[PDB]
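What follows is a single structure, written as structure tokens, with notes after it.
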Amino acid sequence: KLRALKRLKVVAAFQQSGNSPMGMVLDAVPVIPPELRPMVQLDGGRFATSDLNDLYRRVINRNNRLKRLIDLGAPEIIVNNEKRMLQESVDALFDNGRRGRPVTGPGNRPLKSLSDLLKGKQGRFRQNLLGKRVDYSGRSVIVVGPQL
Amino acid sequence: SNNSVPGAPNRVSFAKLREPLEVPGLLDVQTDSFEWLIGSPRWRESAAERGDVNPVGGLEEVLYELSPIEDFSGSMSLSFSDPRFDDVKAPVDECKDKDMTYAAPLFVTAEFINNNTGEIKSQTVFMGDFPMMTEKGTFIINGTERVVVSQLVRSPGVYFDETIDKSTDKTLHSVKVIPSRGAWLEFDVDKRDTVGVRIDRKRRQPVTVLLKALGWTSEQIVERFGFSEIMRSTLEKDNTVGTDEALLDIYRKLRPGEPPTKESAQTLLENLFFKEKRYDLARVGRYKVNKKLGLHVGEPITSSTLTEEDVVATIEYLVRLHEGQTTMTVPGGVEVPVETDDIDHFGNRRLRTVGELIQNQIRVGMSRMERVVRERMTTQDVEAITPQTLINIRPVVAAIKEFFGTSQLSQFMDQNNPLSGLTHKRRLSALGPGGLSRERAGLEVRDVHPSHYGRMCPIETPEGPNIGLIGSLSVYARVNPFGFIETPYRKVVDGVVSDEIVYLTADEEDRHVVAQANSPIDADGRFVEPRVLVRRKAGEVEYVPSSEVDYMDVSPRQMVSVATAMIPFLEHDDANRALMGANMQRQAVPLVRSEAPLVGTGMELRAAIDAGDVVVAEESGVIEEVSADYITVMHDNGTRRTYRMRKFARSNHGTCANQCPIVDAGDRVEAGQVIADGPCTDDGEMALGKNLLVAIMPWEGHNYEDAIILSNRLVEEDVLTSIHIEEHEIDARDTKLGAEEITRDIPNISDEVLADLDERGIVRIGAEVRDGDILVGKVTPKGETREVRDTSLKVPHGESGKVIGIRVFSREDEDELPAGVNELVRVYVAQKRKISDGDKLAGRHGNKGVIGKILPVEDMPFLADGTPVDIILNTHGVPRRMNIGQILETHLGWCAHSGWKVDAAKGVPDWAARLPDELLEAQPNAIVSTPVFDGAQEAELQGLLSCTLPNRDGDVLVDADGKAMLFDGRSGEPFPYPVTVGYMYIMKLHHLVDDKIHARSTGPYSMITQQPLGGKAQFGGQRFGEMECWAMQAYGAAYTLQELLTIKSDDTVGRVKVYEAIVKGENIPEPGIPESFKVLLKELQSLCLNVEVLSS
Amino acid sequence: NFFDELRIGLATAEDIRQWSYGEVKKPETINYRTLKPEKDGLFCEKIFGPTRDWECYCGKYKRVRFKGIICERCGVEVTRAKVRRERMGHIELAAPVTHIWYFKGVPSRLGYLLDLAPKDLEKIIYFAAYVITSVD
Amino acid sequence: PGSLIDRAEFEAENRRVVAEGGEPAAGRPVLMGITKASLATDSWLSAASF
Amino acid sequence: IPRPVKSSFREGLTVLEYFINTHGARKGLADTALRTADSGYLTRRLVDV
Amino acid sequence: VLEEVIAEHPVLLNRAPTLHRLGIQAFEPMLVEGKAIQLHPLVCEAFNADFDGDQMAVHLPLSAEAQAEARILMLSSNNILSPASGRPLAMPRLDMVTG
DNA sequence: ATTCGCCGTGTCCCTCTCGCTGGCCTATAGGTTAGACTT
RNA sequence: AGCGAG
DNA sequence: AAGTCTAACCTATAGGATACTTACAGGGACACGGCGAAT
Ligand SMILES: [Zn+2]
């Protein structure tokens, strides 16, 4: 009964509403615009991008290689391997660490993925929406002002 | 006493007991360990004194362990030997100036040998520029100064821990074997009588499989154990038969997916545990397990890896512990008690010092070296290779370069004092690589385990999120070669306290029975009181018969670090206030006088001398030439030496590092004498602050809730004033559009602003500069849209002062610079920052407070003869803070300032009976000392106060109670009741307001989100976080919140429009939609979540 | 400001290509020397927008009067520099891929919808076992 | 059956279903925890940010 | 600790008694440090409910 | 001119952590010499502040609606009672009690 | 052997805020691009 | 990585 | 000065032939799965 109730919730979510489940499997993946994905030189003119560029680049690399491979015509083993690579890379892109291994850039640091910008404190919600730095402001140490 | 320092001031002491051992070389923990790493001859001599059997340094160790490298074939081999160090390439000062890393080239004899035919190839290979510890124990990396903080870790070994399960209320004992870079392995005894074999943390296994895997037959197991019910139960219920079957099961479990085979199984087991390639529990670990199990006699240790006998010893010990035997007598080994070790205890928590840390880094670098060379031998043909070809330094040096920079222990040297520098050394950092972290650090690992007594500072720890994780070494503490922290002890042998200072570890100290440091020794080594306070094995404190005692502490204050040991009257301060005071003694800024404290302890001298600031006579001699720049001394035999002085050198935290000579041309200097003062020293003693005349009354509320009132005298006379030196640097680079060049030819600008610049375009030395002024003119190739725009280094907002000095580096001078940098300029601007209201002051008792108001000298309380009080403290902070030690401090300080004379009309007063001679009389301003835990008793202090010599006339300002009659300087009538006045030592803390204040009206904005930046280094705002937003919602203030989150910070169109409205005076427009919300929307959309908006 | 609803929901591939102003093909970010975004790269101006206000790749358009016009040789729409912050890209996958959240998040919504199990789904999607689409 | 629904809409649904075929759903009060109460809200922004 | 301390801060604690008092001081500080975070989280949950 | 354009222009004083509603209070600013925000001692208990190095933040409300909110809703003198239980917070404490 | 009811174990999201300081080797066709004269 | 306020 | 007119440079593609074959905390909570009575 309990399993039926849970699965009924999941399916009736689609059934009652007009949202069909076909949108769960992705044929095209969106690309967050560039300024939310910076690429800026700094210090001695050394360019310093973000981590999403690496993840997007990995997805693109896997995709181009897969397209070529299908076009040339290869045994099912290699095309399956490339599809698996694309899958795990899209997973890392959308959510790094959620599956497989955390894709770690140089220094064995898990690269920030699009999901990471939501979870925890450092995410968007708790850091830049529910509290923001403000102009026309200042601070200093305080002292007792008894003549006030 | 004598002080044993050829130039120390005759600071009298209240000490009622003698110190059998003078304080060690407080920087011993660093210098001795690093010299062990290097293998210096002095370390060799010390080892010969203390273990001549096995004298071998750290580098020799890592080389021997690595060597001989062998390929899989084994037809050729490689080896290393004889690590030698050359002289340092550049002197310490030179490297600090020109950014060079003070280091020595390292050379090693590499030997490549062919085994198939027999050949040798000997070479002297260059293994990098090994950084070298300076004389003061600080490394110099890239000019900067850094300190490697000693780390604390859990010693590799065997740990039997017992836990009570609530499911059935039963005690189960589990062992845990910690190797150094090995594989984990646990034995558990669960609810049932099943002995676990969890290997690599995998789903539990029975015991019989492992024993059979090791070749132990069922008959062998049964006959070796004919008593233990649990294990016969396990044998019957193991439901597995055959060593081959056991290996099959082990391989299947440990190697899922692999087709099992018996030879592979045995080889894999041996490789995983017994072969010395992946299981290398270090010499410390082997020592620990041998002691815990008593397998071997105290023979030299070379079989670091584990052994079958060892694991069977652990199994039998564990099962017998479950049975509950008192002691275990292992087969063919020394018997030892059956006890459960505790992780926090210092008998099992080792001090991994600088030597071991750099050794580990070298070991990993050399391991990667070994990997790459073993790879190389396959590609290269034999007979066509030379040790030069085999060795590629890139791993090793990288490790070193990656360790000193960018590490959790190569901490940036913090020196705004000498004490801060000293105490940064001798610091035990429980957190770091291979250690615990803040998230996993519970309350259990942070407490003060009763074994800390003498091996750590129970009082001195940070207050932030590090309480107990970062302690300091005790004064007398010493480090065993194994990394344990020894403490000295005096051995009493049947009521005769002897003089053999024997160093004990935690375990040995627990074995014996140790008495307190202060006890009634009857001038002959015997005790008076029948029973004395005494420590037992687990830290318990009791009374024990006097004849039983066999160990006594060397002296009280053995259980306090350098910092805490300088707090006079520490025996009256609650531990929290003492903790805070010991913390802030590391924060006091160095003033321009630095008067010696009027009341202190014995540590004011040694600390200073060990800090290394004061120039010390290398050899005894006669002074010849004295000058502010340098001192030249005639040595006793012909030769001479010149000591060059660092004047106005910047400190790592912006304070000045002046050194001032204190000798004249004719003086004879003895070896080890103090020749020149440091930043905070005064004739050798540590002078962190000033003796100020303090009253303890609440004065008109200005000293309300910890606030401190100051006399304007301290500003007029310049009692408190620091010289904060800053460092501003700019570099001209080469770009595609052209080459940057600093010069006076700035773009359109008035002639009023080039006055300061000299012909080079940089500010003339000595020219005052203020906010908005130009330091180094610079014009940046403008290219396509003058051929150059404006990019001159302007001093940041709020800064000012004189230009101390200008340093220049030019490509034409063939000087080292980053690629593309035509020139580099460093400008020093120094400000003589005065004392200002809002700044923090504090004593040596954590009696902190800001300067609420600096009254004029006239309208302050004054004594009978018109002496204004230089400071006032609130009275409602002494009692509840439980730090009345400061009150006794200021009482003794008044007694020291005025001078006293005990009248021996009828013998000597009884209260002064214990008082030593030379304290019955003392001239005014006679500096004294009250050691930490034995010192000026209350009765002695009262008696001292009862007879103080009149200052000028027949008038004793302070009565016997320590309280005087203060005349209100604001109104004139006397305060109707007395006031507690005295001389208290207080210091200026490095929290000055000029570095704190900040405002913003429109500054830089981030680019991912258009919110304002954050930080004083930029303009930045102030984070209106979430709790503030809850406050605003609670008030109901909606428009204020809206504009605090929309137009002030985020609405990209809103900011310019509201600024325009304010400037032109129109109404403030309506806020829009936060940009950061748009960014959230775009991110969600880029996450394939169709998040749409509509209002209809 | 006229807000009433945030009706989040599953985004079908049709919507993904509906948002996209172009399609990034190659993983090329910025030129080695001239420091300019490539064509059909992850930053290509034609896809997202001009990196400089009132300019285009070949640069023949610089005035503001002909705003809202896309060049010929390089095909960059002449708009504000800030429009890059909003215009969004997309990439066409050669083979379909599963959204990580719905597949792996516990409980697996995909598995519950399709009556399948978590480890089983991990096996099929990551190419470890086959599944029958249908049979007559 | 067993899904948590706020009291007001529960009563409204009971009243509505009583009309046009009476099958009045009979529920029972439940004591939720604070965190679950925060999550089981009618707005997904607050729950998302919580 | 069943000793217990018998010396007043005015009279001046001996060495072992100070070492004993240190346990209480340190545990109080650590408890405060952690309880502040626990209180903050509870406050956030209450505000959100 | 500054001394004139500041009169009757409230500013919000805040002290992190803002544990309760009283953490933020609007005060009329008056010019002071030195470098430290002078704080009326009575409000200390509201802020939980003790002058031992505490730092506090000043925010400026701009819009006429915001300035009205500062003057009426959040002014210091309009908030003498704790929202918790009505116990006054801006009452003589510590030194004043002894006096 | 399946049903249903219990236990049992494994894998995962959360525990205050606000400041400050420092730190390989070519070969070739086609695309692309530098410089210069001019009316 | 270190530190200040609670 | 853009509009030609002239003269380079630079880079995606491609091409060369001993041999070499398996890397490198803790806590609460829920969901996926042991152990036992019943049909
Ligand atoms: Zn164009």
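Protein chains in written order, with PDB author numbering: chain A, 289 to 436; chain B, 28 to 812, 830 to 1140; chain C, 5 to 140; chain D, 1177 to 1226; chain E, 832 to 880; chain F, 486 to 584.
Here a beta-carbon is modelled for each residue, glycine too, at the ideal position from N, C-alpha and C.
- How should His841(B) be labelled, buried or exposed, when 16 other C-beta atoms within 10 angstroms of its C-beta is the threshold for buried? By the neighbour-count criterion, in which a residue is buried when 16 or more other Cβ atoms sit within 10 angstroms of its Cβ, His841(B) is exposed.
- Message: Tell me which residues share the same chain as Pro1018(B) and place their Cβ nearer than 8 angstroms to its Cβ, disregarding the 5 neighbours each side in the sequence.
- Response: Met1009, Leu1010, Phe1011 and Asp1012
- Message: Could you check whether the stretch 294–313 of chain A touches the stretch 1113–1129 of chain B, counting it as contact only if at least three pairs of C-beta atoms, one from each stretch, sit closer than 8 angstroms?
- Response: no
- Measure the CB-CB distance between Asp691(B) and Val660(B) and report whether it falls below 7 angstroms. When the beta-carbon positions are compared, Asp691(B) and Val660(B) stay at least 7 angstroms from each other.
- Message: Assuming the contact rule is C-beta atoms closer than 8 angstroms, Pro492(B) and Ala856(E) should be a hit. Round their C-beta distance to whole Å, please.
- Response: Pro492(B) to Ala856(E), Cβ: 17 angstroms. No contact.
- Message: Distance cutoff 7 angstroms, beta carbons only. Does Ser1219(D) sit that close to anything in chain E?
- Response: no
- With 7 angstroms set as the bound, which would you pick, yes or no: does the beta-carbon of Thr863(E) sit closer than that to a beta-carbon of chain B? no
- Item | the stretch 418–432 of chain B in contact with the stretch 596–612 of chain B per 3-pair CB rule at 8 angstroms | no
- Query: Does the Cβ of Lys64(C) lie closer than 6 angstroms to at least one heavy atom of ligand 1?
  - Reply: yes
- Query: What residues from chain F crowd round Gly896(B), counting only those whose CB sits closer than 8 angstroms?
  - Reply: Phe536
- Message: Just list the residues that DSSP pairs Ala99(C) with in beta bridges.
- Response: The partner list for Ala99(C) (beta bridge, DSSP) is empty, contrary to what the question assumes.
- Are the beta-carbon atoms of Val174(B) and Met440(B) separated by less than 7 angstroms? yes
- Message: How far does the beta strand (DSSP E) with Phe439(B) in it extend, from its first residue to its last?
- Response: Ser437 to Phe439
- Query: Using a threshold of 6 angstroms, is the CB atom of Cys60(C) nearer than that to any non-hydrogen atom of ligand 1?
  - Reply: yes
- Where does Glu697(B) fall in DSSP's three states? coil
- Taking DSSP as the reference, what is the three-state secondary structure of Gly385(A)? coil
- Determine the extent of the alpha helix (DSSP H) in which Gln247(B) is found, giving its start and end residues. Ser245 to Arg251
- Task: Write down the C-beta distance between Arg473(B) and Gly495(B) rounded to the nearest angstrom, noting that I regard them as a contact closer than 8 angstroms.
- Result: That belief holds up - the Cβ atoms of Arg473(B) and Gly495(B) are roughly 3 angstroms apart, short of 8 angstroms.
- Using a Cβ-Cβ cut-off of less than 7 angstroms, list which residues of the stretch 400–428 of chain A approach chain F; keep chain order. Listed by position along the chain: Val422, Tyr424, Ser425, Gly426, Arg427 and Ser428.
- Query: Sorry if obvious, but does the Cβ on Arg56(C) come closer than 6 angstroms to a heavy atom of ligand 1?
  - Reply: no
- Message: Quick check: the Cα distance between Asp59(B) and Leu90(B), rounded to an integer number of angstroms?
- Response: Straight-line Cα distance between these residues: approximately 20 angstroms.
- Message: Taking the straight line between their C-alpha atoms, what separation do you get for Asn317(B) and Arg251(B)?
- Response: Spanning the alpha carbons of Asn317(B) and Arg251(B) requires a straight line of approximately 21 angstroms.
- Query: Where do the N-terminal and C-terminal ends of the alpha helix (DSSP H) with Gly382(B) fall, by residue?
  - Reply: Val381 to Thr406
- Query: Roughly how many angstroms lie between the CA atoms of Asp404(A) and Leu1131(B), to the nearest whole one?
  - Reply: 11 angstroms
- Would you tell me roughly how many angstroms separate the C-alpha atoms of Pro460(B) and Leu86(B), rounded to the nearest one? 21 angstroms
- Determine the extent of the beta strand (DSSP E) in which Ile750(B) is found, giving its start and end residues. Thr748 to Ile752
- Counted within 10 angstroms of its Cβ, other Cβ atoms place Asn891(B) as buried (16 or more) or exposed: buried
- Query: Could you give the distance in angstroms between the alpha-carbon of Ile248(B) and the alpha-carbon of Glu189(B)?
  - Reply: Straight across, the Cα-Cα distance linking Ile248(B) with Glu189(B) is about 25 angstroms.
- Residues bridged to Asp359(A) [DSSP beta-bridge criterion]: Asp359(A) pairs with nothing; no bridge assigned.
- Find the residues of chain C that neighbour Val1135(B), judging by a C-beta separation of less than 9 angstroms, and give them in chain order. Near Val1135(B) (Cβ distances below 9 angstroms), the residues of chain C are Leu10, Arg11, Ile12, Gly13 and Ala15.
- Item | 8 angstroms Cβ shell around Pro572(B) - same chain, five flanking residues per side excluded | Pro557 and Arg558
- Item | Contacting residues, own chain, Cβ-Cβ under 8 angstroms from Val643(B) (five flanking each side not counted) | If we look at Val643(B) and ignore the five residues flanking it on each side, its Cβ neighbours are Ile636, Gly699, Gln700, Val701 and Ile702.
- Query: Based on the DSSP secondary-structure assignment, which residues constitute the bridge partners of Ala615(B)?
  - Reply: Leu1033(B)
- Query: Is the stretch 737–755 of chain B in contact with the stretch 859–873 of chain B, if contact means three or more CB pairs nearer than 8 angstroms?
  - Reply: yes
- Query: Going by DSSP, what residues sit across from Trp944(B) in a beta bridge?
  - Reply: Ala966(B) and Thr992(B)
- Task: Find the residues of chain D that neighbour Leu343(A), judging by a C-beta separation of less than 7 angstroms, and give them in chain order.
- Result: None at all; the shortest Cβ gap to chain D is about 23 angstroms.
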